[PDB]
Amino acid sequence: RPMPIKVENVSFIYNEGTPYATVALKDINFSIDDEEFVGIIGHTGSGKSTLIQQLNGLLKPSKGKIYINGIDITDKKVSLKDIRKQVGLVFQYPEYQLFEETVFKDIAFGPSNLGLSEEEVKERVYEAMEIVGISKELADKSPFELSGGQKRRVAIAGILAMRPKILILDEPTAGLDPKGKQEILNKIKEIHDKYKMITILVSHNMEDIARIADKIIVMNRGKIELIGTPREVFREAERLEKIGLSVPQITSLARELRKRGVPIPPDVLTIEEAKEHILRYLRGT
């Protein structure tokens, strides 16, 4: 240690002033360890977006502290550049933030604003391009002549070009076809394992979250409702249902078979796991 992420008693209120003041986060505590894949789920207006903005410094806590790899990022001594070297944040439909004249220039934007020599930038740009799987020959193309998917690659390379070891993605499969969805999730997981990252994935898709995550943070009206492994979390089917969420289809089935007598775990997370339990139970009867 230090644990790479610790959020210590954080609250946030928009416009703390002020008759516009509106509480969005209340007493948030958690920590995330090395190499953990984390899922954040919760209803619309539960605070997920506000939270992830605390982690990369777009918002400062109204109370409490956030330590990234042992650095209190809430201290005035720590800039929004220092933070970008540790934490990258990919918003939804990040392709709509492409701005620059060429792919190379768009990817370079961040690291050039970070300072960094031209040699540094150029190596980071090409390293990023390779990681997200876009040919080096696209470097001199206009972003606005690329695929939807290609654009989304370029937007994400811009963030990775800063080599953060914490990567936050807000609904990265949004708008994609079903093959697109698996491809981005596979590539996220592959980059996670390869570079020993923390990855934080915010999503309304319970099925994806359940397959990919080591740990899930469940938000509810600005609070942490629950933290646990996907099994632990999706065992609370009745509670999730009441706070705007859901369980994966396959988990609901396991649940429904249990109610009627079948000795299947109620926290089966994947088709493969369900298959294996159901067949094993049949072989045993």
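The first residue of the shown sequence is 1; numbering continues from there.
Two stretches are in play, 269-277 and 7-15, and the higher mean C-alpha B-factor belongs to 269-277. The stretch with the higher mean CA B factor, choosing between 151-159 and 94-102, is 94-102. As recorded in the PDB entry, 131 shows the highest C-alpha B-factor of the residues 125, 87, 176, 131. Of the candidates 171, 183, 120, 214, the PDB record gives 120 the highest C-alpha temperature factor. Residue 255: CA B factor lies in the highest third for its chain, per the PDB record. Per the PDB record, residue ranking by Cα B-factor puts residue 204 in the lowest third of the chain. Sort the chain's modelled residues by C-alpha temperature factor and residue 191 lands in the middle third, per the entry. In the deposited entry, the Cα temperature factor of residue 226 places it in the middle third of its chain's modelled residues. Among the modelled residues of the chain, residue 167 sits in the lowest third by CA temperature factor in this PDB entry.
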